[PDB]
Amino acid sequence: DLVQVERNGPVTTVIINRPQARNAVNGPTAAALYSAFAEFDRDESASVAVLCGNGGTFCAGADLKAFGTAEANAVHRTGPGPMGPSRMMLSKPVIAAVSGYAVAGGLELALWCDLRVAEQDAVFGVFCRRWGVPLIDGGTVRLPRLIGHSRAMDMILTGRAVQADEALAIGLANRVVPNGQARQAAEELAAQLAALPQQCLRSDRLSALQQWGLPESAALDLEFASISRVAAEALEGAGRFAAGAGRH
């Protein structure tokens, strides 16, 4: 209910369903988002996820009305991030379908996604700046890596709104589509990615993510393992198939 999950073949769409609260994420919402993604991550028949929100907006961030209530976000050094899936490194990609606002914790969730499909009138922004709530869902980690330190610092210091056209110009949005269309676009793109050779995509993706800690030589070493992962997977698959030859 707070988070709806819909599946269409190998594409899973995870939907924040608090449109009355502009899809602000409280504790139980973050819990349900973590679950949906934990289940996606281990479901072998799911290849690509889409994250979106109901009711014309993506996510307003942490639910400020729930602060000091029992429905407040969970804030712990370990386990799930306050927004839910924000500390996860999934083994498969997620596409953010961004309508309306991705602000504060909601910007963070959009950044945590691998790609961002934005509607023409979508707005990104560190809106928590005006309220004094810190970025504690990876926004300070991912934003400089995604778009470079200079534009990240602009967004983080000022808390300014970044509209979809500027977001596209600076690499923050990967696509800009018409209003009402982000979900359909993200789901179409997700089905396209799901039709590609999976282990190869997955292994390249994870290497691109994991290299951000590493020095070049160590990063190169980790990237190289991809050839072992892809061959091992392909051969494990043939082996499983051959075990049924002359038997079924």
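Counting begins at 1, following the sequence as shown.
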Seminar exercise, completed: The stretch whose C-alpha atoms carry the larger average B-factor in the entry, 54-62 or 185-193, is 54-62
Exercise. For the C-alpha atoms alone, is the average B factor greater in 174-182 or in 76-84, going by the entry?
Worked result: 76-84
Problem set entry | Which of 130, 92, 151, 142 ranks first by CA B-factor in the deposited coordinates | 130
Seminar exercise, completed: One of 108, 114, 71, 119 has the largest Cα B-factor in the entry, namely 71
For this session: Compare the C-alpha B factor of residue 216 with those of the other modelled residues in its chain, then answer lowest, middle or highest third.
Result: middle
Problem set entry | Ranked C-alpha temperature factor of residue 207 among modelled chain residues, by third | lowest
For this session: Ordered by C-alpha B-factor within the chain, which third holds residue 238? Give me lowest, middle or highest, please.
Result: highest
Exercise. What third of its chain's C-alpha B-factors does residue 225 belong to: lowest, middle or highest?
Worked result: lowest
Problem set entry | Modelled-residue ranking by C-alpha temperature factor, third containing residue 15 | lowest
